[PDB]
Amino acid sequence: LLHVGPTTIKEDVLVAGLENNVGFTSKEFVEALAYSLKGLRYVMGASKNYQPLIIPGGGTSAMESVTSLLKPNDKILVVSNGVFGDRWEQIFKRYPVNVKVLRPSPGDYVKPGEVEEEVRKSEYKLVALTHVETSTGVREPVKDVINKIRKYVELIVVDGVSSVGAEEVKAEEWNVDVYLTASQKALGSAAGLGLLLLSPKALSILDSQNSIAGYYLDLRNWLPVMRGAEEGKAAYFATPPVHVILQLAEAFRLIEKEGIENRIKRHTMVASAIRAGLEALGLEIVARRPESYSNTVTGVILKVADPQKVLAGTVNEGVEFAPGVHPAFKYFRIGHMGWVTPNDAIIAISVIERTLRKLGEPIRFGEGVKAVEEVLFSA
């Protein structure tokens, strides 16, 4: 069997979807969409000059919709740290475009200098980055990368599926052209939506040029719906996931009530506490470089125990554990994103200690939970 840990959704978020006479023209729907659109500007750090869109699907449909900005034979550079970086390449194989991929050593990340070198050597229409690579837990220093490449490339896109709402994101200040995410990860809402924030530059391409996009994923077709909503008007392109968007509006209400800076600090603390627990047990982290330890995903190397058995025996344990699928390592991953609290840190390390002791993975029993406690106490 396959077992990937699901991001826990606050009941308030889910319950916001229980309105049984709401459609895409309902004032309640239009208001939730307009609210979510502003919520997206807020979590991504951008002013009204940046255009938000919320489309059906997820991170993957959002990624593919970037073809809305491309023309035949356009040159694309993908900076891929693993599975989800590689998905850009799989998507672009379906399109008449030219793709080059940079990859680092397993579990590492592509340095800003290496990207800079490549964009000076060849002219690229588009550069794709992955803010956090979910398969390895590695955060790319996207700000540093962009500072170096901004003047050599027409467009920069960042996959923030595992970062937005949890890691610092400054789409406008960093001059990103498309920052995208999904509803079900670090935002902690129900699945079904892709979310995008476009620069004025990307928006001009939409408004004035043709593209290689299909029909459903051409952001041009969704623009009138998004623009209409902010003016309090209903418009129809294709039926969106109405109740999932009601749920998203409620997630954004909770996000705005906590405050994004506070949200980020919470993810830093929880992740730091979890990592301190892992280290005190003598467990090795998958991410090669400490400065890249993402605050949403941590890969945990096992020397003796079978990762698959760790996952099988922790299914009903109130944790978010998932398989490690990189040939270079034997590991499982801990998801720690969304509504995650200090108690989730304690639980994750406790569940880990007890499971690994049972399976004979050499660990310093007791030391993990104590180290977690220490971190949580000290801040």
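Position 1 is the first residue in the sequence shown; the rest follow in order.
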Item to check | Mean C-alpha B-factor comparison - 335 to 343 and 313 to 321, higher one | outcome: 313 to 321
Checklist entry - Hey, which bit's got the bigger mean C-alpha B factor in the entry, 190 to 198 or 299 to 307? => result 299 to 307
Checklist entry - Taking the Cα B-factors listed in the entry, which of 137, 214, 113, 72 comes out highest? => result 113
Checklist entry - Among 218, 89, 284, 133, which residue carries the highest C-alpha B-factor recorded in the PDB entry? => result 284
Checklist outcome for this item: Among the modelled residues of its chain, the C-alpha B-factor of residue 105 falls in the third labelled highest
Checklist entry - What third of the chain, by the recorded C-alpha B-factor, contains residue 40? => result middle
Checklist entry - What third of its chain, lowest, middle or highest, does the C-alpha temperature factor of residue 250 fall into? => result lowest
Checklist entry - How does residue 276 rank on Cα B-factor within its chain, lowest, middle or highest third? => result highest
Checklist entry - Split the chain's modelled residues into thirds by Cα B-factor; is residue 159 in the lowest, middle or highest one? => result lowest
